[PDB]
Structure formats: C-alpha cells, structure tokens
Peer 1: 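One structure follows; several queries about it will come next.
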Amino acid sequence: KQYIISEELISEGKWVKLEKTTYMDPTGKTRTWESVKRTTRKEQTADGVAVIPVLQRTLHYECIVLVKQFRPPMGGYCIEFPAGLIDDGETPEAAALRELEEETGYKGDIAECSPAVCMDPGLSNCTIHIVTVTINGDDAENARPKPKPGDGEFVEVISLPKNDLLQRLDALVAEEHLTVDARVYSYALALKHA
Amino acid sequence: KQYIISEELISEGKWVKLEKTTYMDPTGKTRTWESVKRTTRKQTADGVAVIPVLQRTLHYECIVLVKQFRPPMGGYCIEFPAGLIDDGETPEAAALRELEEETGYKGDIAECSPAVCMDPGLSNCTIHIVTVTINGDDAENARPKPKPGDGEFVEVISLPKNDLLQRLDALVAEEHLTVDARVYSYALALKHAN
Ligand SMILES: N#Cc1c(C(F)(F)F)cn2ccnc2c1Cl
Ligand SMILES: N#Cc1c(C(F)(F)F)cn2ccnc2c1Cl
Ligand SMILES: [Cl-]
Ligand SMILES: [Mg+2]
Ligand SMILES: [Mg+2]
Ligand SMILES: [Mg+2]
Ligand SMILES: [Mg+2]
C-alpha cells in the first residue's frame with residue numbers, strides 16, 4: 001500500500017544520478033527520500049553480476065575465488081566477489097562468466113543464478129544477479145589463468161579455502177588496510193554458522 | 001600504488017552527496033570516478049545489519065528478516081534488520097536497538113564484523129554485520145513489541161535457517177519482492193556449506 005508518486009532528477013553524472021523520491025506512506029501521507037541510481041541500466045534485469053566462483057580441484061579443498069581492487073568511492077583496496085555491470089543485451093550468466101574470466105582468468109561453469117537482489121535499498125535502486133559458478137581447476141584452461149583487465153582495471157586474485165573463509169579474511173584484514181565486502185562477509189559468516 | 005588525489009562535490013542533499021573523485025591509477029595515469037557518500041557519518045561505519053538467529057526449543061532455528069517499502073527501489077524488499085549508527089553509539093548497541101525497534105526481539109551479541117563495504121564501486125557506505133541470538137523461549141520475546149521510529153513501517157518475516165534460500169526464492173516468485181544481496185549471500189552459503 002506504499003508506491004512512488006514522483007522521481008525528480010537533482011544531479012545527473014555520466015555514471016550516477018541523485019533523485020528526490022516522492023512516495024505514499026501506509027498512513028496515506030506523502031513523504032520524500034533521496035535516491036541514488038545508475039545512468040547505465042537499459043533493459044537489464046539488474047545493473048550488474050557478482051560471481052561466487054568455487055575453484056574445485058582433485059585433492060584440494062574447494063576455494064572461493066575473490067578479487068582485491070582499489071575502489072575510488074572507498075578511497076582504498078576492497079576484497080570482493082568478481083563483479084561487473086551487465087552489457088546491453090548480455091544475459092546475467094554471460095556477464096558473470098565474462099567478468100570472472102576478465103578479472104581472474106578462470107573459465108567457470110554456470111551452477112545457479114539468483115533473481116535480481118538489491119545492493120543497498122535504503123540508498124540506491126542498484127541490483128545484481130549473484131551467479132554461482134564452479135571452476136574446474138584440473139582443466140588445462142584453468143592451469144595458469146591470466147586476468148584480462150580492461151582499460152583502468154587493476155585486479156589481484158585471492159583464492160581462499162571455503163572451509164576456513166571467515167578466519168582467512170580476518171587474517172587478511174588484520175595484516176593491512178582493506179575492507180571486505182558485505183556480501184563476501186555474509187557468505188563467510190553463513191559457512192561458519194552452517 | 002593507487003590513492004585519492006582530490007574529491008570535488010557535485011551535489012549534496014540532506015542524506016546523500018555525489019562527488020567526483022580524482023585518483024592515481026597504478027600506471028601513474030590520473031583518472032576520475034563518480035562516488036556516492038552519506039552526509040550522516042560522524043562512527044566505525046554508517047550502519048549495522050543484524051543477523052538475528054531466533055532459537056526456540058523443538059522448533060527449527062529461524063533467521064528473522066524485515067519487509068519494508070524502499071523508495072529508491074520503488075518496491076518492497078526483504079532485508080536483515082538494519083539502521084544507521086547514532087553518533088556516540090557502538091555498533092553492538094546499534095544492533096540490539098535496531099533489532100528491538102524493527103522486530104520487537106531482545107537479543108544477545110554472538111559476534112560483530114569489522115566495517116564491511118555495501119557497494120564499493122558506487123559508494124563509501126559501510127556497515128557492521130552483527131550476529132545476534134534470540135532466546136525465543138524467554139518471556140521478553142513471547143509477544144515481541146516492534147518500536148517504529150518516525151516513518152518506519154516494517155513487517156517481520158522469520159524463515160527457517162535450514163531452508164532459507166528455497167524460502168526466499170518462493171517469496172520472490174509469489175510476493176514480487178526484492179531480496180537483499182547480503183540476505184541472499186548468507187542463504188547461498190548455508191546451502192554451499194554442504
Ligand atoms: N527519513 C528519512 C531518510 C533516511 C533515514 F531513514 F535514515 F532516516 C535516510 N535517507 C537516505 C536518503 N533519504 C533518506 C531519508 Cl529521507
Ligand atoms: N570508467 C568508469 C566508471 C565505471 C565503470 F567501470 F563501470 F566503467 C563505473 N562507475 C561508477 C561511477 N563512476 C564510474 C566510472 Cl568513472
Ligand atoms: Cl549463531
Ligand atoms: Mg569488476
Ligand atoms: Mg570487470
Ligand atoms: Mg532499518
Ligand atoms: Mg529502526
């Protein structure tokens with residue numbers, strides 16, 4: 001019984017806009033919100049994909065493959081699932097496998113694809129598909145994987161054992177200045193809680 | 001190798017601002033980013049998100065979530081109970097306060113994450129993930145009193161932890177809701193733990 005009344009552009013960048021959002025509260029009173037949106041979303045079911053990449057290899061514990069990048073908004077290095085925006089006309093699955101290969105060098109296999117999920121819904125309309133991908137680390141294609149960073153992409157690969165993910169992220173955070181992503185931390189917490 | 005040179009303000013609301021970030025790329029090339037920050041952070045992080053494990057004897061262990069209209073999303077989302085940390089408030093106190101206001105449950109701290117980033121390609125927004133247990137058998141949690149702030153309108157949804165991802169998937173299919181990415185990430189890891 002709540003809905004949007006109006007969305008007024010405040011400031012539009014090349015990549016991001018701020019909007020004044022007018023909506024109907026459930027007592028029937030008009031209220032406003034400050035909403036963030038990307039300018040890059042056309043007909044995609046979501047802005048982006050994040051990839052949960054399970055590196056599977058004979059006589060190895062399963063590893064979750066993570067990436068470490070400088071993030072200008074954070075002003076520092078962040079540990080995240082491999083991720084990127086969906087290109088116009090691209091499937092979430094294709095976006096996930098492409099971004100995984102570009103950022104890690106791994107050639108994955110689709111396992112599952114989430115519905116569109118919200119990144120920070122009190123702040124933004126931003127959505128991703130979370131795509132689970134298995135990587136056959138015994139395939140020659142995944143022997144010495146070579147990242148294909150695009151222009152201004154500078155990504156380091158960090159593979160951590162699934163069976164100790166939360167303690168290994170803690171050890172990485174204890175050792176320098178760097179933020180773990182909330183989705184990675186949430187995923188490492190559930191691995192412990194299970 | 002990479003660092004912030006300067007930030008230029010583009011637009012500042014009451015709650016959120018757009019900045020143009022200039023940063024040194026690791027080649028020595030100067031580059032720009034459109035960054036979002038909250039105006040409200042003055043704290044270890046902007047917010048807390050509470051993972052509330054509801055423990056009742058002879059019942060499945062449940063994860064308590066909240067359903068709310070999110071004006072940036074233009075729809076209803078399912079999320080961990082969550083809010084901004086008050087100036088001079090600790091992330092633990094924020095966690096117990098937000099949980100009681102949004103759910104009416106009175107919980108105990110199990111653990112508290114370091115600051116984790118919400119959407120680091122877009123914003124500087126950070127939270128503490130606070131794992132809280134709820135003794136659902138204690139009198140204070142019998143008929144729990146949810147205490148909305150000014151303009152909080154929150155529905156409580158407790159889902160069995162052991163089936164969490166299938167229960168969320170079902171809600172998306174029938175209730176045309178968006179699941180929060182951290183809720184989805186946790187739910188995936190509960191399945192992938194096996
Ligand atoms: N009221 C209100 C409110 C809040 C809060 F819930 F935290 F109080 C956060 N916001 C972020 C952008 N626009 C808003 C508004 Cl309008
Ligand atoms: N280039 C660039 C770029 C990109 C992307 F990597 F996706 F291309 C996304 N952004 C979001 C906010 N500012 C940006 C900029 Cl500057
Ligand atoms: Cl627990
Ligand atoms: Mg990326
Ligand atoms: Mg990329
Ligand atoms: Mg809240
Ligand atoms: Mg509240």
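Numbering of ligands and ligand atoms starts at 1, following listing order. Below, all heavy atoms of this structure are taken into account, side chains as well, without hydrogens, waters or symmetry copies. Each chain gets a letter, A, B and so on, in the order its sequence line appears, and its residues count up from 1.
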Peer 1: In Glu102(B), the N, O or S atom nearest to the Mg ion (ligand 6) is which?
Peer 2: OE2
Peer 1: Is the shortest side-chain N to carboxylate O distance from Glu176(A) to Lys68(A) below 4.0 Å?
Peer 2: yes
Peer 1: State plainly whether the residues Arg56(B) and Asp137(B) are in salt-bridge range, i.e. N to O under 4.0 Å.
Peer 2: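 Salt bridge flag = no for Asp137(B) with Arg56(B).
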Peer 1: Before you tell me yes or no, could you show the steps for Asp120(A) and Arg70(B) under salt bridge (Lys or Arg N to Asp or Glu O under 4.0 Å), namely the whole-Å CA-CA distance, both residues' side-chain angles and the distance that decides it to 0.1 Å?
Peer 2: CA-CA 10 Å; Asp120(A) 193 356; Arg70(B) 282 312 199 171; over 6 Å; no
Peer 1: Dump the intermediate steps for ring-ring contact (aromatic ring centres under 6.0 Å, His included) on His176(B) and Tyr76(B), then the final yes or no.
Peer 2: CA-CA 8 Å; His176(B) 173 70; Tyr76(B) 289 82; 9.9 Å; no
Peer 1: Between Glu7(B) and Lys20(B), is there a side-chain N and carboxylate O pair less than 4.0 Å apart?
Peer 2: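 Looking at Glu7(B) and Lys20(B), the cut-off is not met.
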Peer 1: If I consider every N, O or S atom in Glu98(B), which one ends up closest to the Mg ion (ligand 7)? I only need its name.
Peer 2: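 Result: OE1.
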Peer 1: Is the distance from the Mg ion (ligand 6) to some N, O or S atom of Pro81(B) under 2.8 Å?
Peer 2: no
Peer 1: Is any side-chain heavy atom of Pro92(A) closer than 4.5 Å to one of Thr45(A)?
Peer 2: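 Yes, their side chains come closer than 4.5 Å.
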Peer 1: Compile the protein residues with any heavy atom at a distance under 4.0 Å from an atom of ligand 2; present them by chain, then by number.
Peer 2: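 If the criterion is a heavy atom under 4.0 Å, then ligand 2 touches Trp15(A), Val16(A), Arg38(A), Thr32(B), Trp33(B), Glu34(B), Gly121(B).
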Peer 1: Salt bridge check: are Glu111(B) and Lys192(A) linked by an N-O gap of less than 4.0 Å?
Peer 2: yes
